[PDB]
Amino acid sequence: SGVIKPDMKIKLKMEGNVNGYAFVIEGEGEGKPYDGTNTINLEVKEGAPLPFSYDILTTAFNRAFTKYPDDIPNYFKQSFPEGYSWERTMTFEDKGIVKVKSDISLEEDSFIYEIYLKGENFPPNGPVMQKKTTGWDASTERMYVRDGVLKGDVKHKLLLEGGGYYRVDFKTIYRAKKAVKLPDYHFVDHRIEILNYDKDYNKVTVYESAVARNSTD
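As numbered in this note's numbering, residues 1 to 217 make up the sequence shown, in order.
Structure (structure tokens):
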């Protein structure tokens, strides 16, 4: 049988620092790895109230939760039980930058994430530090092998209060902790949202769906 069950739990901890503000968030959730869906409930443990847009954290809160057709090798699911890690750079159009890394492990029927996030150079009157974003657009991530590991690129966008986009390029490198069958170039279509939040985003629920498809259609 599979180490990845059809219903998997999620536990995570993030240590973060954005424009010098340190914080700690813990999360618990669940998802359906084979359906590509996941929901995480986050709680700020240190650093409340967060003085920046929560949207710069949400995509850090696991591509094991991706629906894949059998004919596209699944880099992420094949990596278990050993698991995988990822590191990501998010370059924002006003020169803000987030670097985030996460280690994804498995114990019984929970994935465990250990996340470190550092955001720098956000303008003090920009949409991030002034909490004027409303969420991410739906996106498509381009997945392809480089130097033996899997890269994912996204030409992404945050939506702004009052209309308009705040563009953000994502570059992620995913590293399996064992030899796996490598996929060809393909796409993962995402939609992430904040489902609910309390006043200062101390308690937040995030949902994401993700589905893979070929690059030859």
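Ideal placement from N, C-alpha and C gives every residue a C-beta, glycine not left out.
Quiz item: Residues in its own chain within less than 8 Å of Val24 by CB, not counting five upstream and five downstream?
Solution: Working through the sequence shown from its first residue, we reach residue 24 at position 24. Contacts found: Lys13, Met14, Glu15, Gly16, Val44, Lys45, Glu46, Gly47.
Practice problem: Identify whether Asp103 lies in helix, strand or coil by the three-state DSSP scheme. | Solution: Position 103 of the sequence shown, counting from 1, holds the residue named residue 103. Annotated three-state conformation of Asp103 is strand, per DSSP.
Practice problem: Let me know the alpha helix (DSSP H) ranges lying completely inside the stretch 55 to 93, each 4 residues or longer, listed in chain order. | Solution: 55 to 58, 75 to 78
Quiz item: When DSSP labels each residue in this structure, what does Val204 get in the three-state scheme?
Solution: On the sequence shown, position 204 is the one that residue 204 refers to. Strand at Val204.
Quiz item: Do you know how far the Cα of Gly2 is from the Cα of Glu93?
Solution: For this step, residue 93 is matched to residue 93 along the sequence shown. For this step, residue 2 is matched to residue 2 along the sequence shown. About 42 Å.
Exercise. To the nearest angstrom, report how far apart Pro183 and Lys203 are at their CA atoms.
Key: As a position in the sequence shown, residue 183 is number 183, starting the count at 1. As a position in the sequence shown, residue 203 is number 203, starting the count at 1. Rounded to whole angstroms, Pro183 to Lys203 spans 37 Å at the Cα level.
Practice problem: Please say whether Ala212 and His186 have beta carbons closer to each other than 8 Å? | Solution: Counting from 1 along the sequence shown, the entry for residue 186 is found at position 186. Counting from 1 along the sequence shown, the entry for residue 212 is found at position 212. Contact flag set, yes.
Quiz item: With a Cβ-Cβ cutoff of 8 Å, do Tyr174 and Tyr68 count as a contact?
Solution: For the purposes of this step, residue 174 is taken as the residue at position 174 of the sequence shown. For the purposes of this step, residue 68 is taken as the residue at position 68 of the sequence shown. In this structure, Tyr68 does not lie closer than 8 Å to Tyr174 by Cβ.
Exercise. Assign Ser215 to one of two classes, buried (16 or more other C-beta atoms within 10 Å of its C-beta) or exposed (fewer than that).
Key: As a first step, residue 215 is located in the sequence shown; it is residue number 215 there, counting from the start. Result: exposed.
Quiz prompt | Residue span of the beta strand (DSSP E) that contains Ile112, given as start and end | solution = For the purposes of this step, residue 112 is identified with residue 112 of the sequence shown, where counting begins at 1. Looking at the DSSP string, the run of the beta strand (DSSP E) that includes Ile112 is 110 to 120.
Quiz item: If we count the other Cβ atoms within 10 Å of its Cβ and call it buried at 16 or more, is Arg167 buried or exposed?
Solution: In the sequence shown, the residue the question calls residue 167 occupies position 167. Flag for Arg167 reads exposed.
Quiz item: With a Cβ-Cβ cutoff of 8 Å, do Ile10 and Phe111 count as a contact?
Solution: Reading the sequence shown from its first residue, position 10 is the one you call residue 10. Reading the sequence shown from its first residue, position 111 is the one you call residue 111. Contact flag set, yes.
Quiz item: Which one or two residues does DSSP pair with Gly31 in a beta bridge?
Solution: Your numbering for residue 31 matches position 31 in the sequence shown. Looking at the DSSP assignment, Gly31 forms a beta bridge with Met8, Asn38.
Quiz item: Can you name, in chain order, every residue of its own chain whose Cβ lies under 6 Å from the Cβ of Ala138, other than the five neighbours on each side?
Solution: Counted from its first residue, the sequence shown places residue 138 at position 138. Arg191.
Exercise. May I ask you to report which of helix, strand or coil DSSP gives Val154?
Key: Reading the sequence shown from its first residue, position 154 is the one you call residue 154. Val154: strand per DSSP, three-state reduction.
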